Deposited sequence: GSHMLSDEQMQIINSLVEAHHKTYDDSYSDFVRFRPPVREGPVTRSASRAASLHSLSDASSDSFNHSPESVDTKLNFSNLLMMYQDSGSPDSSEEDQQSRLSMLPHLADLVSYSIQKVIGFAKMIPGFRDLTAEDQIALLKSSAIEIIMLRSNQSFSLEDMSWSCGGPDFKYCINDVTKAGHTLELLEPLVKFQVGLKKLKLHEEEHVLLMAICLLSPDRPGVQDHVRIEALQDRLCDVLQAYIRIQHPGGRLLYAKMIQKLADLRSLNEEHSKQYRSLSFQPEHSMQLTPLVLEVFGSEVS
């Protein structure tokens, strides 16, 4: 009926990490290779995602309990979950009015046609957009959004994990925090937890379709030379 201190500290420190790793002004987007509108958009989107992977890594290191995992598991978790966390964190810029990601003026307004020009087909972009509207309709609190990102990042069901008991425990405490939070702090949220956990199963399916379409890019040297090294390392198969 009332969150413990430890459950409050997990929220406090998770909300702080997202505030440090997510610029609402999107001003760093001018350091990327510019967008062009043969795959004209791939260099900008590669840069954008590569920057985002750096931000996700920063979030991760501050999730209570993550830093104490072994370097192998931290990388295993990051490598499998990075795109899901990016899809998740991108909802903050998604807009229902135009069905795009508005991170700037005409330049960094990312329509669905722009991500096609980066090598991805509609079979990925069709579910991803609908995922974004359904996530947007949830009108998640900041605490929930953040909690959901950290719950995603702490899934034991990922290729590579070894200590899937101890990260299972970390994910359990966070799920408990999220349920406590919704129950105590969100009027009308009685159904929210179930829908949110449903969004994680959606992410798995988007994650598969992305990694399939990425594999197609990374095996064509003419496009893989447009990727950054971090992107190549994180989504690579090593």
Inset, instruction - Would you flag the ranges of the deposited sequence that the structure leaves without C-alpha positions? - result: 1-2, 40-99, 301-302
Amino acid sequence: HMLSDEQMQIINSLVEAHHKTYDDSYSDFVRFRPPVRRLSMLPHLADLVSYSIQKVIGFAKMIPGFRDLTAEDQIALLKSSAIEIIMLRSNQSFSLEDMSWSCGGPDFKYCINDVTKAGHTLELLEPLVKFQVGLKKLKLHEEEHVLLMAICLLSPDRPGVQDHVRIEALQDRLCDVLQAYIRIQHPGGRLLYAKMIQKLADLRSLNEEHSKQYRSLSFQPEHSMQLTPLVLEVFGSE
From here on, numbers count along this sequence of modelled residues.
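We call the rigid core the largest set of C-alpha positions that still match within 1.5 Å between the two forms.
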Inset, instruction - Overlaying the structures in 8 other deposited structures of this protein on the rigid core, point out which of 82-90 and 102-110 has the bigger RMS C-alpha shift. - result: 102-110
Inset, instruction - State which stretch is farther from the displayed form on average in 8 other deposited structures of this protein, 50-58 or 179-187, counting RMS CA distance after fitting on the rigid core. - result: 179-187
Inset, instruction - Using only the Cα atoms and their B-factors as the entry lists them, report which of 43-51 and 171-179 averages higher. - result: 171-179
Inset, instruction - Look over 107-115 and 74-82 in the entry and identify the one with the greater average Cα temperature factor. - result: 107-115
Legend entry - Chain third (lowest, middle, highest) by recorded CA B-factor, residue given as residue 58: lowest
Inset, instruction - Check where residue 33 lands among this chain's C-alpha B-factors and tell me if it's the lowest, middle or highest third. - result: lowest
Inset, instruction - Give the position of residue 141 by CA B-factor within its chain, expressed as the lowest, middle or highest third. - result: middle
Legend entry - residue 120 by Cα B-factor - lowest, middle or highest third of the modelled chain: middle
Inset, instruction - Name the third of the chain's ranked CA B-factors that contains residue 154, choosing lowest, middle or highest. - result: middle
